[PDB]
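# Topology and contacts: notes
Spelled out from the first residue to the last, the chains are:
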Amino acid sequence: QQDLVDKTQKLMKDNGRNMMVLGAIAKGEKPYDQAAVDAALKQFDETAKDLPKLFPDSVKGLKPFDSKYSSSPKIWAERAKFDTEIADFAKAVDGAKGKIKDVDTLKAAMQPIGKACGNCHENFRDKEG
Ligand code: HEC
């Protein structure tokens, strides 16, 4: 409880930390790695296996708000759809593991996995800054 809002923030923030390389390549940096993404890849699953848990009513809004977080309170309602959303996300990576191979594919594997990325965002992520 003491440190949860962060534990989650870092967990979700890690998504980008791991995608770092996946990004550079995506943008057009470094002659790709694959092995570097491999990890950052399986990282999407794991992170998507400990995310649907650190979402108490102490870090939502209307009191538990910390004027920083960015997670609509509809995540407690759509808890179901919320999971099923981050559920496939872990399946997308599972497949990306074998799928992934090059860069041209990264964008291909980044189609589904990237779905729960922006989907889980626009669905549960009202970015305001
Ligand atoms: C649900 C199916 C998710 C997947 C898969 C990913 N994200 Fe996410 N993200 C989700 C939520 C509910 C939220 C809000 C609460 C929380 O702190 O997680 C977020 C937030 C972000 C942030 C905000 C961080 C900040 O810099 O202020 C970022 C940068 C982020 N999301 C990025 C992102 C990326 C790039 C993902 C895949 C590579 C990704 N997330 C997966 C829900 C879900």
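Its PDB record attributes the structure to solution NMR.

Membership of the largest hydrophobic core comes to 31 residues, with the highest contact counts inside it found for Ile25, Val37, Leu41, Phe44, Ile100 and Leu106. For this core, the elements supplying multiple residues, two or more each, are α1 (5-27), α2 (35-46), α3 (74-77), α4 (79-99), α5 (103-109) and α6 (115-123). Here the element with the most residues in this core is α4; it accounts for 7 residues. Apart from the residues lying within four places of it in its own chain, the contact partners of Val37 are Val21, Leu22, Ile25, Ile100 and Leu106.

Let's shift gears to the environment of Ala80. For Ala80, the location among the structural elements is in helix α4. With a relative accessible area of 53%, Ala80 lands in the exposed category. In the structure, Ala80 is positioned 10 residues away from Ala90 in sequence and 16 Å away in space, judged by C-alpha atoms.

Moving on to the pattern of salt bridges. In this structure the tally under the stated criterion is 9 salt bridges. In this structure, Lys30 engages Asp33 in a salt bridge whose closest nitrogen and oxygen atoms are separated by 3.4 Å. For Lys30, a relative accessible area of 35% corresponds to the partly exposed category. The shortest N-O distance in the salt bridge between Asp38 and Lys97 comes to 3.4 Å. Taken as a pair, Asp38 in helix α2 and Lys97 in helix α4 lie far apart in primary sequence, 59 residues in all. Look at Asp38 and you get partly exposed, because its relative accessible area is 34%. A single salt-bridge network, built from bridges that share partners, covers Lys74, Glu78 and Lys81.

Our next topic: the site of the ligand. Taken together, 17 residues form the shell around the ligand, and within it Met12, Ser70, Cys117, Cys120 and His121 come nearest. Here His121 contributes a side-chain N or O atom positioned 2.6 Å from a nitrogen atom of the ligand. At the level of secondary structure, the elements contributing two or more residues to the shell around the ligand comprise α1, α4 and α6. In the shell around the ligand, the residues fall into 10 nonpolar, 5 polar and 2 charged.

Reading the values: the criteria
Residues numbered from 1 in each chain as written, not as in the entry; some residues may be left out. Heavy atoms only, no water. Core = buried A, V, L, I, M, F, W, Y, C linked by side-chain atoms within 4.5 Å. Buried < 20%, exposed > 50% of the residue type's maximum accessible area, 1.4 Å probe, protein only. Helix = DSSP H or I, 4+ residues; strand = E, 2+ residues; numbered from the N terminus. Contact = heavy atoms within 4.5 Å. Salt bridge = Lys/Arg side-chain N within 4 Å of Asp/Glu carboxyl O. Near = heavy atom within 4 Å. Polar contact = N/O pair within 3.5 Å; in protein donor to acceptor, adjacent residues only side chain to side chain. Nonpolar A, V, L, I, M, F, W, Y, C, P; charged D, E, K, R; others polar.

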